[PDB]
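Comments concern the structure below.
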Amino acid sequence: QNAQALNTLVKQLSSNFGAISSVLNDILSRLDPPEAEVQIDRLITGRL
Amino acid sequence: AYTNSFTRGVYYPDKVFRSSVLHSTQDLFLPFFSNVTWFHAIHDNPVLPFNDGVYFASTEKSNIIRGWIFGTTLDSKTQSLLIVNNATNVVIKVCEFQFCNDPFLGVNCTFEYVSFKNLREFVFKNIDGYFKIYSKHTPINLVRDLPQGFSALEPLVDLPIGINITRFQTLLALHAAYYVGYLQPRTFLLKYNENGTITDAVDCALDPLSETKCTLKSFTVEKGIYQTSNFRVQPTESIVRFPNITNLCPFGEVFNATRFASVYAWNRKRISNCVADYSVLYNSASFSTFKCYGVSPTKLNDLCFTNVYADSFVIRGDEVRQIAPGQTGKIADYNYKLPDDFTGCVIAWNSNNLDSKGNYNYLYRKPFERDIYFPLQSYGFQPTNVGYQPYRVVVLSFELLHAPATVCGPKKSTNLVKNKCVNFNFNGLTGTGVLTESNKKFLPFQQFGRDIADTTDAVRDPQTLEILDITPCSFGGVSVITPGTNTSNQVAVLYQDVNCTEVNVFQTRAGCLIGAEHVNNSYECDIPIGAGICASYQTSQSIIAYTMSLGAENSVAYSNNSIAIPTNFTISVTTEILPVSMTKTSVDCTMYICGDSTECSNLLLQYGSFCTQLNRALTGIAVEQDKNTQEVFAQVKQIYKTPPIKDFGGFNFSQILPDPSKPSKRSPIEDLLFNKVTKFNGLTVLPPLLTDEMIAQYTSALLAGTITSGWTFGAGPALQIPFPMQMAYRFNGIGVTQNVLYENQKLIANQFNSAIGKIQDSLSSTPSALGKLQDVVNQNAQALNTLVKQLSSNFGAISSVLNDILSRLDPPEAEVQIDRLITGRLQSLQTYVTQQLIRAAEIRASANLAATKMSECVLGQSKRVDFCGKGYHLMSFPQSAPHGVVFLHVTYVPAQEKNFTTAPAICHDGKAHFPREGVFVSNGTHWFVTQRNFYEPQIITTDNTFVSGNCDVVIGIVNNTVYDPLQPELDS
Amino acid sequence: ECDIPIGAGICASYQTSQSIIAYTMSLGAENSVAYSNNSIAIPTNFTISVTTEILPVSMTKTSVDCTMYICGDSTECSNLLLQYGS
Amino acid sequence: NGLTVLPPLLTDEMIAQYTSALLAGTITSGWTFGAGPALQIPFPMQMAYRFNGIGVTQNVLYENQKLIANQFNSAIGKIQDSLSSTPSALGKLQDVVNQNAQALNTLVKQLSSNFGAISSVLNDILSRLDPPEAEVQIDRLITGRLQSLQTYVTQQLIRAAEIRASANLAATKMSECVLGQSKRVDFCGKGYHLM
Ligand SMILES: *[C@@H]1O[C@H](CO)[C@@H](O[C@@H]2O[C@H](CO)[C@@H](O)[C@H](O)[C@H]2NC(C)=O)[C@H](O)[C@H]1NC(C)=O
Ligand SMILES: *[C@@H]1O[C@H](CO)[C@@H](O[C@@H]2O[C@H](CO)[C@@H](O)[C@H](O)[C@H]2NC(C)=O)[C@H](O)[C@H]1NC(C)=O
Ligand SMILES: *[C@@H]1O[C@H](CO)[C@@H](O[C@@H]2O[C@H](CO)[C@@H](O)[C@H](O)[C@H]2NC(C)=O)[C@H](O)[C@H]1NC(C)=O
Ligand SMILES: *[C@@H]1O[C@H](CO)[C@@H](O[C@@H]2O[C@H](CO)[C@@H](O)[C@H](O)[C@H]2NC(C)=O)[C@H](O)[C@H]1NC(C)=O
Ligand SMILES: *[C@@H]1O[C@H](CO)[C@@H](O[C@@H]2O[C@H](CO)[C@@H](O)[C@H](O)[C@H]2NC(C)=O)[C@H](O)[C@H]1NC(C)=O
Ligand SMILES: *[C@@H]1O[C@H](CO)[C@@H](O[C@@H]2O[C@H](CO)[C@@H](O)[C@H](O)[C@H]2NC(C)=O)[C@H](O)[C@H]1NC(C)=O
Ligand SMILES: *[C@@H]1O[C@H](CO)[C@@H](O[C@@H]2O[C@H](CO)[C@@H](O)[C@H](O)[C@H]2NC(C)=O)[C@H](O)[C@H]1NC(C)=O
Ligand SMILES: *[C@@H]1O[C@H](CO)[C@@H](O)[C@H](O)[C@H]1NC(C)=O
Ligand SMILES: *[C@@H]1O[C@H](CO)[C@@H](O)[C@H](O)[C@H]1NC(C)=O
Ligand SMILES: *[C@@H]1O[C@H](CO)[C@@H](O)[C@H](O)[C@H]1NC(C)=O
Ligand SMILES: *[C@@H]1O[C@H](CO)[C@@H](O)[C@H](O)[C@H]1NC(C)=O
Ligand SMILES: *[C@@H]1O[C@H](CO)[C@@H](O)[C@H](O)[C@H]1NC(C)=O
Ligand SMILES: *[C@@H]1O[C@H](CO)[C@@H](O)[C@H](O)[C@H]1NC(C)=O
Ligand SMILES: *[C@@H]1O[C@H](CO)[C@@H](O)[C@H](O)[C@H]1NC(C)=O
Ligand SMILES: *[C@@H]1O[C@H](CO)[C@@H](O)[C@H](O)[C@H]1NC(C)=O
Ligand SMILES: *[C@@H]1O[C@H](CO)[C@@H](O)[C@H](O)[C@H]1NC(C)=O
Ligand SMILES: *[C@@H]1O[C@H](CO)[C@@H](O)[C@H](O)[C@H]1NC(C)=O
Ligand SMILES: *[C@@H]1O[C@H](CO)[C@@H](O)[C@H](O)[C@H]1NC(C)=O
Ligand SMILES: *[C@@H]1O[C@H](CO)[C@@H](O)[C@H](O)[C@H]1NC(C)=O
């Protein structure tokens, strides 16, 4: 059960939560800050 | 004068059909028990205000009222609705009819239509010009005064008259008791019957009892104390204070400047120490656009700023879009960059007539740096160019940091009122509070103070340099103490944590108690209030308050040589009820969140395993409930059965054994307990693995095993043993010799049977006995009902209905509305599951306790004090119950006592004799030894005591003799 | 004896040539006691048995770095995260 | 800020009266008030029976009574000196008080966070933005503050369950140790329990 809980927590990084992309480096490399704060806030809320 | 008007003035707030439901809505309703004007139509036709809508009622006998007129001046200057009821043809016109000087009835129109015993009540309201008509027909028989009763008005007609109605008038026939009520924005609970007609209502602001009913969403309130609201004092007046400065801001030198600077070398002018009147700029029609990112366009009249800078330069029209955060181009990146957190607004308009004459004087090339084959390029602006024309753009940078302001608008100040709750406005900062003098020595440069929560603590008055503390206006809780509505409508009100100042007055440490009479005589408290005070309903009847009694006072007659030993006993039976299991719910993630919607399901797929991990948790709960039941009941390896002949030594168990004559072989007591305890959204209920018949078979096997084999089936194999010896050994196990059992066997059996009969009467007459199980069933039903009701919440979407959202917006907006609804519903599911996990853990702990008691109480005999009820434990018998188990505990309780003298030791020849068991007693002339828990005097002999040491050490030794049974055997 | 539970007293198992069967679960062999007021069963010899009881005592002492997890090596993400306090 | 504390129903004076009644009952009647009614019994015989309950013959008590009394009084003096000299004795209660104070202070401190809004102060939000933007800023702040309340409530429920378990253990020990005599090893302290 503990191994499964940790594996699920690690797997959760692959979820999008509505953003244009789940990968942070491609989010930062494509969008200007004025939209980046929104996309980052969405990912922060989901991960928190 | 007031009357008992009850619930008049209620109309259907909307056009939705509902039945068998209590609906809470906010709308314009008639206040309960309010004043309604009583008019006469004999031998009184004033013009009344309409406010935001008026309720109408009338009682007629000759059709006096035949048409309403609505308007403002009644003088042919505006359109006026004219309604005439002649024959059976309704005719409606809204032309500017010329009415007589005194309208009476004898015994530009935009919408034309042509077709006491009875009261016809109507509702006429105008919402955005739309005239909505409601009505209801019902017979009554009352002429003298206001009719008593309730009647709801349905809508029938909607006339598009388009008149703003603020006053109305009636028509009297001169040779009809009509009623006028007024609506207020009150919250009401409307009760719809089986036919969808509302028959009653509760006005949530009539009084504290109505507040309790409104809070608890029911028309019946149970006995107890409820916390329903909070008292808050309202402000009386506003205070507006600004610096008394009369200097005018030089806006003319900025907006009407002769020449603008180049974008590569733009000017930065400071405007300060002046009054900025923005009405001139607002009134000027010369501006083409006003788009602000800093402040809202309607707040500039009230708000004022610490500093203003005017950035003045000319750009190309097609580049106007480029002056914004996040935008790029030859301007945004190389010569004029704005910050992405810029606060203020960029305003631009064309200037073709003067700015362009071609004009080649405008040259172009981090935020706000002026970096003074060249990198320098220019535009050719020509007077014949809309977009390519030279736009004049001015960027106003506003500093909103909390600091002293110097440029504030043209608003006159008022006087300041101290020690009163007021609505203040200091340089655009608004709020409500009491402004008082303070002794906080702020430094001359400090303008604002802050609290731990970052709220404003104090301000410096811009006209007089003093510091005022802001203390929020007085507030506090209000508690209502009330008996149930099936008894009396009298209530008491407790004002929480306040003294009887700001608000038959009784001062307590809990607050100000109003309405209860203080009685000094004590009783046991019934409804607790707090701080040692409880209240009850007693006698002519009124609410009383008193200090709670802790019990009767009983001093102890302590002495060093007196012991009390019980002489008689009584057998009592108590009932212990414990929860064992809970309903095995299961939730379908897809149908619940995204019911029969492919698009919603496709969007849900992006969240992965978030729900199915709760599905896993719920599966674990469902499995562990059967594990708990299995562990609680399956303690016997075999199914035992009783003999056909119930020869149990005089003990009658026919009232606890299964009854063969029933369709299900249950005992009568079990029938009594079972006779006392009483969708399409993915919520289902799974059946239990073990049926009621199977549970009854296990309990029958356990009972037959206990009676026929004692503890032997628990310890090892089931070894049969007679019940009288089983009972004798259970008595021996508590330090009571079996001869008491044999002497009192008939009394014990009769007391047991009578106690069981008393259990039947108690279970048949006291409903609260099974509250521990009724509360769990009610909590689970309430949790499911709350989860189902939660679907009606909007969570910010344009509509709560998924089919209406999907049916109304294109994907680019529907996806946003759907993600919002998904987020809300996922939070609801997470909350539900977490609460279920905590409740399941509590139930599991209870089940473990029940199993421990079962094992250590029925199969054996417990020596742990108060483990199996008060008294000396003998045995327990299990009985099944819905979702639980009930234990019948048979205990030994001393009944009668006598005061006897005692002694620590007896001397014989100087030796000290001590008891092996029991105590020494004296009846006043002779010393005896008897068991501690039952008076049974025996002669003190050498076979009860032993010799150790001598008389010269022990304090309190008494002189006596010790009998040696051998002495007379050798003497005789 | 019940093997794969179905519900409402019905259990299933894989038995005999082999096929899936369904049946009412057994509660044990039936054995009535020849109860009378003058009969006792007393053991004459005994056997010593040993049973094993297993209980969990501890669990893995995990630790989670919220900053590295949420905003791994990203200054902008860290600066935005700083607004959420404790 | 809407955060209040309710008084307890039973005051300290009433609790002291209950403990006085329980101690007087124990001293004057042994276990008899627990089993049934409070029936007086002399202390030396009560002590002899307490000795019998642990497998120690009462004759040792009666022969050694003077020394036993002196050791008892000296031991009581030792409790007085221990409580007067060891501050850490009340850590189990100080930590719970500190945890509740910390929870309330963190809840109050949470008001300073923005959660993405332009400003944490609601009055400056309303005084600067028109309703069409105000609804967005306000619902965002409402969502954040509601989440903070939900976290507080969940932590409070778990701590309450732990306190309930501790209270049940304390009540069980009270019932099976003060009113009677415990034969359960190390249940009511190390050694052979007397009272
Ligand atoms: C609603 O009708 C009222 C009644 O005429 C209108 O208020 C009047 O407005 C005039 C014009 O300034 C004033 O001189 C009158 O004093 C007002 N009447 C009263 C009774 O105060 C009002 O403008 C209408 N409003 C709407 C939204 O239609
Ligand atoms: C603004 O400050 C920057 C440094 O922060 C100055 O940059 C200098 O630019 C000149 C010419 O481009 C270089 O020779 C220097 O090496 C740069 N650095 C320093 C430290 O001088 C820039 O010149 C400043 N601009 C203005 C208008 O003041
Ligand atoms: C102990 O108390 C019980 C009642 O609680 C006594 O039983 C009654 O005794 C009286 C005395 O003769 C009779 O009149 C009644 O018929 C008895 N009642 C029942 C229900 O049997 C009992 O006698 C008392 N014991 C002693 C030794 O006095
Ligand atoms: C054992 O208890 C049962 C149940 O009370 C007794 O049966 C009751 O009394 C008469 C017997 O003359 C029956 O006809 C009634 O129908 C029974 N009452 C009820 C409510 O069913 C029975 O007599 C008792 N037997 C002994 C030996 O005490
Ligand atoms: C206390 O008990 C003693 C012993 O049971 C009683 O003394 C006996 O009294 C009876 C009177 O019926 C005589 O027959 C015996 O001779 C007495 N015993 C002895 C050893 O002499 C005594 O009476 C009881 N106390 C009271 C006050 O009655
Ligand atoms: C028991 O017997 C005698 C008097 O009846 C007492 O015993 C003597 O007491 C005196 C006074 O303290 C001593 O000097 C002797 O040593 C004692 N002799 C013995 C043999 O013990 C005694 O006081 C009596 N007991 C009571 C309770 O009165
Ligand atoms: C007690 O009963 C046990 C039952 O298991 C007996 O065990 C066996 O008894 C047979 C009878 O002769 C012997 O052949 C075996 O040697 C026994 N088993 C073992 C492991 O030794 C046991 O003998 C009985 N004891 C007595 C004293 O009768
Ligand atoms: C209601 O009418 C009565 C008529 O006597 C009047 O005394 C009373 O003041 C009115 N109610 C209010 C709130 O003014
Ligand atoms: C009543 O009779 C008059 C007679 O001319 C007629 O004009 C009028 O239309 C009638 N009233 C209605 C409401 O039709
Ligand atoms: C009718 O409305 C017109 C507007 O189209 C207005 O000019 C005229 O004065 C109105 N006449 C009456 C009688 O209301
Ligand atoms: C509802 O309508 C049915 C129709 O027959 C009638 O029988 C019933 O009495 C009505 N209920 C009420 C409360 O009027
Ligand atoms: C600009 O000039 C117009 C023309 O008379 C004048 O009405 C206006 O008040 C002036 N305003 C500013 C800000 O220059
Ligand atoms: C007006 O402002 C001046 C500037 O300091 C100040 O002295 C004065 O008190 C203000 N007027 C009033 C009525 O407070
Ligand atoms: C209150 O009165 C109702 C009348 O229907 C009754 O059913 C209920 O049992 C009563 N409750 C109490 C506590 O008296
Ligand atoms: C009135 O109540 C307050 C608490 O609300 C208390 O502090 C104050 O001492 C009381 N006044 C008197 C005179 O006791
Ligand atoms: C005690 O009871 C008497 C009864 O007359 C009453 O007058 C008195 O005020 C009471 N005292 C208190 C403190 O309640
Ligand atoms: C016995 O003493 C108790 C107090 O210890 C007293 O309440 C009771 O009345 C006494 N009974 C007799 C019979 O003396
Ligand atoms: C009880 O105390 C009294 C008073 O000191 C004393 O005289 C007597 O000897 C004592 N009796 C016993 C049995 O302790
Ligand atoms: C002994 O008694 C038990 C139960 O009383 C019975 O099942 C068994 O058949 C009996 N055996 C013999 C040999 O009598």
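Residue numbers (the numbering used here), protein chains in the order written: chain Z, 1 to 48; chain U, 1 to 972; chain X, 1 to 86; chain B, 1 to 195.
Each residue gets a CB set at the ideal place from its N, CA and C atoms; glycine is no exception.
Give every residue of the same chain whose Cβ lies closer than 7 Å to the Cβ of residue i, excluding the five residues on either side of it in the sequence, and list them in chain order.
i, result
"U:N950", "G910, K911 and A912"
"U:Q507", "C500"
"X:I10", "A22 and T24"
So, for residue i: in the same chain, excluding its five sequence neighbours on each side, which residues have a beta-carbon less than 8 Å away from its beta-carbon?
i, result
"U:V921", "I563, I565, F900, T901, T902, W927, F928, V929, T930 and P937"
Specify, as a first and last residue, the run of the alpha helix (DSSP H) that residue i falls within.
i, result
"U:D355", "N352 to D355"
"U:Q726", "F723 to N732"
"U:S229", "Note, U:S229: premise wrong, no alpha helix (DSSP H); beta strand (DSSP E) at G224 to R232."
Residue i and residue j: beta carbons closer than 8 Å?
i, j, result
"U:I805", "U:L603", "no"
"U:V503", "U:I239", "no"
"U:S536", "U:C525", "yes"
"U:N273", "U:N247", "yes"
"U:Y264", "U:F342", "no"
"U:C304", "U:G409", "yes"
"U:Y12", "U:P155", "yes"
"U:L28", "U:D52", "yes"
Could you give the first and the last residue of the continuous beta strand (DSSP E) run that contains residue i?
i, result
"U:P566", "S562 to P579"
"U:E437", "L429 to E437"
"U:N750", "No beta strand (DSSP E) holds U:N750; the alpha helix (DSSP H) holding it covers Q745 to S765."
"U:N244", "U:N244 -> no beta strand (DSSP E), and no H or E assigned at all."
"B:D95", "B:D95 -> not in any beta strand (DSSP E); alpha helix (DSSP H) instead, spanning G91 to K109."
Within the same chain, show all residues whose beta-carbon is closer than 6 Å to that of residue i, passing over the 5 residues directly before and after it, in chain order.
i, result
"U:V519", "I544 and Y546"
- prompt: Can you give, in chain order, each stretch of the beta strand (DSSP E) that sits fully within the region 188 to 216 of chain U and has at least 3 residues?
  reply: 198 to 203
query: In chain order, what are the residues with a CB under 6 Å from some non-hydrogen atom of ligand 14?
result: U:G484 and U:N486
Nearest-residue set for ligand 8, Cβ under 5 Å from any heavy atom: That gives U:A1 and U:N35.
- request: Please specify which runs of the alpha helix (DSSP H), each continuous and at least 4 residues long, are wholly inside the region 520 to 562 of chain U, giving them in chain order.
  value: none
Every unbroken beta strand (DSSP E) within the region 842 to 880 of chain U, with a cutoff of 3 residues, ordered by chain: none
task: Please go through the region 464 to 497 of chain U and give each complete beta strand (DSSP E) segment of 3 or more residues, from N-terminal end onward.
output: Contiguous beta strand (DSSP E) elements confined to the region 464 to 497 of chain U occur at 467 to 471, 475 to 482 and 492 to 496, taking only those with 3 or more residues.
- prompt: Taking a cut-off of 7 Å, which residues have a beta-carbon closer than that to any heavy atom of ligand 13, in chain order?
  reply: U:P243, U:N244, U:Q463 and U:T464
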